[PDB]
Every structure is written in structure tokens, then in C-alpha cells.
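Engineer: let me see the structure of the following:
(2 chains, ligands or ions: 2)
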Amino acid sequence: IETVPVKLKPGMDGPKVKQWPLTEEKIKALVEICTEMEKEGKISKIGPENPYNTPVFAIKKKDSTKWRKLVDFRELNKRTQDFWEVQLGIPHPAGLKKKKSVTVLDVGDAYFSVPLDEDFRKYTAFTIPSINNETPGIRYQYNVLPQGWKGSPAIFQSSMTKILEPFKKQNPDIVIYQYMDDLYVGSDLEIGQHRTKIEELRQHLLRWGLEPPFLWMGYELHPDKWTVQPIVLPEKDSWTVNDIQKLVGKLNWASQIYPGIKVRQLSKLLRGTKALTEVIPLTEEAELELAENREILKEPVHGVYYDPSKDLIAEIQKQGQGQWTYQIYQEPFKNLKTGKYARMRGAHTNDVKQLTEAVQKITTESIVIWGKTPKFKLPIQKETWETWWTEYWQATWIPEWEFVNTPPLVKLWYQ
Amino acid sequence: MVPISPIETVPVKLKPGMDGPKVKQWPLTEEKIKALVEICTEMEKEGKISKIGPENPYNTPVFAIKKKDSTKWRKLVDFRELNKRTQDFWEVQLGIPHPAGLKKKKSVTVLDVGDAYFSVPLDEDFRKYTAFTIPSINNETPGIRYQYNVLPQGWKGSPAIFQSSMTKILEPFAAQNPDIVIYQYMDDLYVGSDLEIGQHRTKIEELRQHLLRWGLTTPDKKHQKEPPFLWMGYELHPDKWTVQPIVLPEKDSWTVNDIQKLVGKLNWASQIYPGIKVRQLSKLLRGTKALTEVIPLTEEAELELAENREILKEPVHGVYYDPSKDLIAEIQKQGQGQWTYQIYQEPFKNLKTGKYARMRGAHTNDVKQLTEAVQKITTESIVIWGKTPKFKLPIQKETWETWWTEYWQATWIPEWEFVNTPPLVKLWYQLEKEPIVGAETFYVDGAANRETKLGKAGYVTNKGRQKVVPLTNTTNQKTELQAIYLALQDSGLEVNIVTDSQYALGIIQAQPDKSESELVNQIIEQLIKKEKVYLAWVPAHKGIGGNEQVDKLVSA
Ligand SMILES: Cc1cc(/C=C/C#N)cc(C)c1Nc1ccnc(Nc2ccc(C#N)cc2)n1
Ligand SMILES: [Mg+2]
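Structural biologist: Numbers count the residues shown, from 1 in each chain, chains lettered A, B, ... in the order given. Ligands and ions are numbered 1, 2, ... in the order given. Shown next is the protein structure:
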């Protein structure tokens, strides 16, 4: 009912980001959404004395018939003061990643109930463009906490803890974590009981609401069963020269991650100048070294620790046939998580859709495990990514990314 | 009198921590002063400026400029200092419509709104910053001091505030009359419709009535300007559009600056004249920016110019957009990294044309370039029409499938069809995924001394074939490519090559079909002649047989 004062970081102006081209259907959708939001008092038209801008577009979330407005506040979030007036932080719950079921709820509509500090509103300016710029873009700013802004969950937090005080003491074994517009709710119940408690939770916020357009949805994760990818070596009865070269290459790479890896005896099987397809019998110094390397590879990497003050970096490789591998790390060769996907849905002829779904799944895992999003190194040309990713985006947050233009040799080793 | 709605003012601020201008007034001739006093008396009578006392400490210089070939003087207030200190505004013409996205209109009327152009009120709190002084005759009295009450021409905020004010006025008229379009440009309103001219002229009268609600009067004697409109370098007609006439000069000698003017005109022309090329003419501006230097024209640039003259021989027009029909985009390869395209809805009636040039890069191939051209056309089409066109591309469906399935990056192009118009984009080589049985295996290596720049490149094979070549003025990276080249040159149609060069592998895995490096180009030419090539990488200095042997041979 009263506004929390909000400022930008010192020596920092508001965002001035250029609105990217939107399709006709997204424009029409945003015109409808914003006409209603303006009637409901959530946004107001602004004049030319406001020079700021943040891009906007629209998405259709997973399994839906209704457009959702998505504001790309990445720049405003970088420029907004850090929030530890009341809380130095919400220390991330390490139990969330261990629950058998986690449901993700879009609770962003609750934020529209808190007014935004009148002096900060100007910095939330955005524009609905028109096709071919034939009419002036429609300019608005927020009067209430916007979805996607990092200040919104911070300012609403006191509210949110009060709404879920009942549900929490009634269900003390449920982990509830909030990230931006999402609520993550983890239980160890059977999925039918889980679905019930989720709907129980929905009722608390419908009741407090007295309508939220996307609260009824549920994105179900099972982090319980999230798989990793240790380094594994082939088990073969016949080794060609080429097989042993690939093995020595892979072990040389692994020795940067695992100190005690040796290739000397395996290398000695090469020595001659042999045909690549010739079969080489393994000597015993070689078989022993190989067995020793196998056992080293069953242990964890030494000195791997998560530092909350450092960025998480995510790298992705296209493996072919709808398969993608990825690694999350902060220091090179100190992977915090590795993984592999293949079930990229509805995209068997579209690489970029598959990559976009991978980015979203990796970001979701990152949020569950550490409570923040990684910076992506994407195997794609910037112009191709920037043209298409918004067509396949279904998440209400957006991570940061850069582009890999030189092919990594190490793709072979994660295959 | 009839009450008129006031136009709400836009609140305006100086940039943080800045004060208003305090600029000294230049002395003026007795003649100019008398002209400025009369000019300002009229302006004051109309309410555009007001006299102020000596309280106000701000000042902006005023000038009197003679209209060429007349006794009439003109008043110029130089707002350069106030503009540096005034806040930034939202500029709404951060994008002009492209004619190819416009819709055909039966009628377009122009209405003069100059009398609102100079009648939008200035924020009362900001007016003091606009103070200026007419100097007194002989400097024997205080100068006459005025400030602005309305948007001053030449002030940084006037175009944005005028446009936003006119837009707000027009918004309900446009909303309740969706069978017309309205466009504001300088001090004119352009109203188009498909209505029978009777209904059309009714709407125009209704628009004039609507404007009177704010006391904005429009001249009766209908506007001078009629279709065709000269606008932003185009000609707009009711049912077609073109660029304003492009005439390429004849010259015996071309300076840097003429070449820049020529390329600018060609670029402008390329949006409707198909096939325009500028590569060879742009190559002559490489590096140099000595704007009066004369440059000889290569035979290449002479040929490009000749081709362009033929393209520009007779006028070409575009049609307007029909939203009821699909958009089609067709692309052709032109050579030397140059691509050209046409966008149309009916065959032989282009909406617009254009071109795309290869990005500066060490290595490239046609498929990557076609892909980038497609993304650029896609984005331009979203801007202009709000949708992606269907593509007609000179690449077989099997070629694309092979490319995207095996390329190390994610890549995608939207819905498209093969069009069989040479030259076709093809894959010139594809490396094997597995070693080749029965093919000779070449273990290659090179090394160079960084001090002497002397090196060696060579290979050894499983058949005992061997070669080492001594090299001068070379580097480790060049000798590693040279070794791969020697193995390609000396092998049969199928070959296994083993290298430890991460550098060479990075290049070959990028699949270039053309390079700035002539050594890479020679490797590509050898790859094209093979039937099967398997390229295998091993780590250096690990006692890998064959690799260690030729490492010793070449690093000696
Ligand atoms: C951008 C624009 C510039 C001018 C004019 C600027 C001038 N100076 C005039 C108008 C009316 C417009 N706005 C639109 C919007 C949609 N379709 C059209 N079609 C259209 C416009 C002009 C002609 C002409 N004849 C024909 C069709 N114009
Ligand atoms: Mg070597």
C-alpha cells in the first residue's frame, strides 16, 4: 500500500535498450494485453520526456492458448541497486534439488498488487512498436511491481511470506523457493498427493487475490533423478590404431581435470607408422595403465567448490541426432554439473529450437541447484540466435549469453 | 468565443547538475537590431514570446540573417548551448516507414498544420532557460529581454514534443476512423484512404473539425503538394513507389569522394533496382580516407560500374504491400561474397529488392553466407511487414540437410523451397566420420624456428612414403597447414591424415570453401579433388607413432 524507495546503482542512468522487431501477431497480442493492464491501472502512457526503454515481447508458455507479456529487464536488473535492506539474501535452500517432485508456479501476477515507487517508474518504460513504424510506438511505464524485474520479488517478499505462513506450518516438509516470477515447490509425496498440495497452495493465493491468468499451470520437475556424465572410456576387445589415438586424446584431455592420468604405456602401442584401421593388441603395461586410468575416473574431481560470488558459466555442444551435452562451471576443468539431453521435443528438424529448449532446461537446473542463472556460451552465430530464440522461449526469465565461433575440439570427449 | 481544449505541456528538465545557458550576445548592426525588434514585437503580440525583467540570469544569442535576394531579415536564436544542457527525449522517428510496407491508397490529401507547429506551449518552469536579448541601439540602454512561451525552432526538445502532442490529438480520430491512415511529417498531415473521393473528403472535413477542438486552424486553399510525393529520397505514388532519380556521372578521373558518392547512390538504388553490385567499387576505398585522392579504377571496378549503368538505364518501380497475400523472398548468389534478393507477392512485381555482402572474415563458405543473408532478410521483413517471407533459395534440399545435420553449430533457416537458378550453393567437400579401410595413412607435421623463420613440413605413411620440405619465412601454424597440403597432394583419391595441429583442425572443422590464406585455398582445392578424406587429430609430444617420427624429421 506504501512504496519502498528504490534507486539505481551510483553513477548509472536508466536503460536505453532498442526495441527489437516484433511480428504482427505479437504486436496485436501486446496491444490487447496492455490495453487491459492500462484500464486496471498497472501501466500508464508516458510522454517524450521519458527517454528510457526496455524491450518487450510475448510468449506462449508451455501448453497454453494465451499470450504472456515478457519484458526483457536484463539491463534494468543490472543497473538496479542491490537489495539487502531487510535481507542480506534468501540463503538458497540446498534441499530443493533433493526432492522427488518440484512444481514451478507462475506467481508473477501477485506483484501487480504492490505500487512501484513513483520516482523509479520512469525506468520501466517500454514501447509497443508498430509494423513498418507507420504509427508512433505506444509508450508505457509501470505503476506497480513489474514481472521480470529483480526488485519485484525483493519488495514483495514480506507480503509473500505472510500469504504462505499457513501452508508452511501445515506442511513443514515442503520446500518453497521463489526465483523472479516463479515459485518452486518441492515434495517427497507421491505425484497425486503432490498435485493436491500444489492445488492446495494455489488456493491460498486465489484467496489472498480476493484473476491470475497463468497461476493454474504447473511445470513438474523430478530433480531426484537428474543425471550427470562422468568421464567413461571404451571397453573393447579389438583396438584399432585409430581407437587408441582417440583414447590417448581423450585421456590427455582428462589429465587436465584428473592429475594422475597416464598415457605413456598406451602411447607405446603407437610407435610404428601404422594404418589407422589396423588392430593393435594391448600389451600389459598398456592394459594396466588403462585400468588405473579407469579407476581414477570413478572419483570426483579434486578442489571443486561453488562460490556464490562468482558467475556460473554454461557450455553446450551439439552432438547430432537431437543430442546435446553441457557443462556448468566457474573455473575451467572444475565442473559443478555436467549433463546430456536427447528428448528435445517438437524440434527434430530445427536445431535452434532444440538449443533454445536446452538453454531453458539448463537455466532451470541452475536455479534449483544454486538459485541463479548461468551465462551461456552458445554454439551458434549471433545473427541466427538473435533472429529466432524469442520464437521458442517459454520461460519468464532470460539469462545472459555469448557466442562460440570456433569449433571446440573437446566436443569429441563429451560425446 | 468557442472554448478550446488546452494542450497539456510536457515537463522538461536540464541534464542533472547542469544549469541553463549564460552566453554573451554578439554586437549587431543598427540595421539588424531594428529588424529584430519588429520581428519580436509581432511574435510577442501573437504570444510566442514574453518580455522579462533583469532577474533572469540566462541568455542565448540571437542573430539576424538576410534572406538571400530580399530586403527581409530573419531571426535566428542559436540554441546550441541550451541543447547541450537539455535532457534527452524519446525520439519517435527512430525509424521511418519503408515504402514497400505501405498499402496502396486511392486518395492521399495533405493538410498544413504549420500554425500548430509554432503554437505548442513550453513547460512554464523551463521557459526561463530560453531567455535571449536584443542589443540596444548604440548600447546606451539595457537590451530588450524575452523568453519563449512556445516550442522554439532549433531547440532540442521541439520536434519530439511537437510530434507527441500532435499524436495525442490525432489518436482518437484515427481510432474511430480505421478506414484511413494519418502520417505527420514536418508541419504536414497526410491522410490516405480507399474511400470514394466523396467519403474521403468528408473525413478530411471531419478531421479539420476535430483539430479545431484545440484551436488548430488549417488553411482552406487546398495544399500545393499532390501525388507523387518526394519524401525521404523516394517517390510515393498512389499505387507504386520508387527511389528518386539515380544518375551516375561520367568522369575521366574519380576521387575518393566521388567514389563514396557513387557507392552511396548505388546502395540507395539497390532497394528497388535488382542486381546492383558495389564490391569492386568499395574495394577502392580500402583503408584510405584522403578524401581528395584520385584512385585508378581497376578493370574489375570498371566492369561493375558498366553493369550498374545497364541496370539503371530505365526507371523501375515497386508495388505496395497486400496483407492478404504471402510474401516471397528470392535470393541469388552474385560472386565475391555478394548476394542479391527480391521480395514479391505476385510474380514479376517486386515490393522491394536488396543486397547482402559477405562479412569480413579469415575463412567462409557459401552456405554460411546464404544463411546470414536469410537471417538479414527475415529481420528486415519483420520490420517492414511483421512476418517472415517464404524463401526461394539456390540450394538443393539434400545439400541443406547434409549441412545442418553435420555442422558443429546449431543452424536453421525458415520455410523455403529450392529454386533451380545457377549458380547453386553446394557442399564442395565433406570429411569422413570414420577412418577409411585400405586408404594410405599420412602422419603429417611441421615446425618453424620463430627467430630464423625457417621451418620444415612433411609426412610419413604406413607404406613407407615420406616427404620433408624445407621452408623459409614461415611460422609453426603455416608449416602445419603446409604438411596437410603435402599429404593431400601426394595421396590417392582416398586418404587418412593424422595431424596434431589444433589450429589446422579448427580451420578445417569450420568447413571453408574460400580463404584469405592462399595456403588454405590450396588445401580446399585438394580436398575437392578427393573421393574420401578422414582427418584425425592426436596430441603432440606424446610419443604417438608416426607422429613422433615426423615431428623429429621436421623440428630438426
Ligand atoms: C508513411 C506515410 C507517408 C506519407 C507521405 C509522405 C510525403 N511526403 C503519407 C502517408 C499516408 C504515410 N502513411 C501510410 C501508411 C500506410 N499506407 C500508406 N500508403 C500510401 C502512402 C502514400 C501514397 C502516395 N501516393 C500511397 C500509398 N501510407
Ligand atoms: Mg610437433
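
Engineer: chain neighbours aside, what residue packs nearest to residue 49?
Structural biologist: Using chain A here. Of all residues not flanking residue A:49 in the chain, residue B:10 sits nearest, at 5.2 Å (CB to CB, 6 or more residues apart in numbering or on different chains). For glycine as for every other residue, the C-beta is placed from the backbone atoms N, C-alpha and C.

Engineer: I was after chain B.
Structural biologist: Closest to residue B:49 by CB to CB, 6+ apart is residue B:146, at 4.3 Å.

Engineer: list the contacts of residue 43.
Structural biologist: Since you didn't name a chain, this refers to chain A. For residue A:43, the contact set (CB atoms under 8 Å, 6 or more residues apart in numbering or on different chains) comprises A:34, A:37, A:140, A:141, A:142, A:143.

Engineer: sorry, I should have been clearer: chain B.
Structural biologist: residue B:49.

Engineer: which strand or helix spans it?
Structural biologist: helix B:30-46 (DSSP states H and E).

Engineer: buried residues in that helix?
Structural biologist: B:32, B:33, B:35, B:36, B:39, B:40, B:43 (16 or more other CB atoms under 10 Å in any protein chain shown).

Engineer: thought the fourth one was touching residue B:28?
Structural biologist: Yes: counting by CB atoms under 8 Å, residue B:28 is a contact partner of residue B:36 at 7.4 Å.

Engineer: what do the two both touch?
Structural biologist: Residues touching both residue B:36 and residue B:28 comprise residue B:64, with contact defined as CB under 8 Å, 6+ apart.

Engineer: spatially, and excluding backbone neighbours, which residue is closest to residue A:371.
Structural biologist: Closest residue to residue A:371 apart from its sequence neighbours, by CB to CB, 6+ apart: residue A:92 at 3.7 Å.

Engineer: and the residue nearest to residue B:233 when sequence neighbours are not counted, what does it touch?
Structural biologist: With CB to CB, 6+ apart as the criterion, residue B:233 has its nearest non-adjacent residue at 5.6 Å, and that residue is residue B:244. By CB under 8 Å, 6+ apart, the contact set of residue B:244 is B:230, B:233, B:234, B:235.

Engineer: count residues in the vicinity of the second one, would you?
Structural biologist: Think residue B:233. 11 (other CB atoms under 10 Å in any protein chain shown).

Engineer: cool, and the one 4 residues further on?
Structural biologist: Here the count is done by other CB under 10 Å, and residue B:237 has 17 residues near it.

Engineer: so it sits against residue B:226, correct?
Structural biologist: No: here residue B:237 lies out of contact with residue B:226, judged by CB under 8 Å, at a distance of 10.8 Å.

Engineer: who in the stretch 301-415 of chain A is up against ligand 2?
Structural biologist: Counting by CB under 5 Å from the ion, no position of the stretch 301-415 of chain A is adjacent to ligand 2.

Engineer: what about the closest residue to ligand 1 within the stretch 301-415 of chain A, which helix or strand?
Structural biologist: Among all residues of the stretch 301-415 of chain A, residue A:387 sits closest to ligand 1, at 25.7 Å; criterion: CB to the nearest ligand atom. Element membership for residue A:387 (DSSP H and E) is helix A:382-392.

Engineer: coming back round to it: for the contacts of residue B:244, which ChimeraX command selects only the ones that are buried?
Structural biologist: To isolate the buried members of the contacts of residue B:244 in ChimeraX, using 16+ other CB under 10 Å:
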select /B:234,235
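
Engineer: for the strand or helix carrying residue B:280, name the packing helices and strands.
Structural biologist: For residue B:280, the element it lies in under DSSP H and E is helix B:279-282. Contacts defined by 3 or more CB pairs under 8 Å, 6 or more residues apart in numbering or on different chains; DSSP states H and E place helix B:279-282 against helix B:256-269, helix B:299-311.

Engineer: how close does the residue nearest to residue B:49 get to residue B:59?
Structural biologist: 11 Å (CB to CB, to the nearest Å).

Engineer: setting aside sequence neighbours, what's the nearest residue to the closest residue to chain A within the stretch 251-400 of chain B?
Structural biologist: Per CB to the nearest CB, residue B:386 is where the stretch 251-400 of chain B lies closest to chain A, at 3.4 Å. Ranked by CB to CB, 6+ apart and with sequence neighbours excluded, the top spatial neighbour of residue B:386 is residue A:24, at 3.4 Å.

Engineer: determine the longest helix present in chain B.
Structural biologist: helix B:366-385 (DSSP state H).

Engineer: with only the CA atoms kept, save that one in CSV.
Structural biologist: In CSV, the C-alpha atoms belonging to helix B:366-385 read as follows (Å, rounded to 0.1, in the frame of the first residue of the first chain):
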residue,chain,number,x,y,z
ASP,B,366,28.6,-20.2,-49.5
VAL,B,367,26.2,-22.0,-47.1
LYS,B,368,27.1,-19.8,-44.2
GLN,B,369,26.7,-16.7,-46.3
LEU,B,370,23.4,-17.7,-47.7
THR,B,371,22.3,-18.5,-44.1
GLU,B,372,23.3,-15.0,-43.0
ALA,B,373,21.5,-13.4,-45.9
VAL,B,374,18.3,-15.3,-45.0
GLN,B,375,18.5,-14.0,-41.4
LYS,B,376,19.0,-10.4,-42.5
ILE,B,377,16.1,-10.6,-45.0
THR,B,378,14.0,-12.2,-42.2
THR,B,379,14.7,-9.4,-39.8
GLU,B,380,14.1,-6.7,-42.4
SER,B,381,10.8,-8.4,-43.3
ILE,B,382,9.7,-8.4,-39.7
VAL,B,383,10.3,-4.7,-39.5
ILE,B,384,8.6,-3.9,-42.8
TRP,B,385,5.7,-6.4,-42.9
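
Engineer: who in chain B is up against ligand 2?
Structural biologist: So far as CB under 5 Å from the ion goes, chain B lies against ligand 2 at B:540, B:551.

Engineer: which stretches in chain B count as helices?
Structural biologist: Counting by DSSP H, the helices of chain B are B:30-46, B:80-85, B:114-117, B:158-175, B:197-212, B:256-269, B:279-282, B:299-311, B:366-385, B:397-406, B:476-490, B:502-509, B:518-529, B:547-554.

Engineer: what do you get for chain A?
Structural biologist: A:24-39, A:74-79, A:151-163, A:165-170, A:191-209, A:241-254, A:264-267, A:284-296, A:351-370, A:382-392, A:411-414.

Engineer: what comes into contact with the fifth one?
Structural biologist: Meaning helix A:191-209. A:101, A:103, A:105, A:107, A:110, A:163-164, A:166-167, A:171, A:174, A:183, A:185, A:187, A:189, A:212, A:215-216, A:218, A:220.

Engineer: may I see the buried residues of that helix?
Structural biologist: Applying a neighbour-count criterion of 16+ other CB under 10 Å, one finds A:194, A:195, A:197, A:198, A:201, A:202, A:205 buried in helix A:191-209.

Engineer: tell me what angle that helix forms with helix A:151-163.
Structural biologist: Angle, helix A:191-209 to helix A:151-163, by axes from the mean of the first three to the mean of the last three CA atoms, to 10 degrees: 100 degrees.
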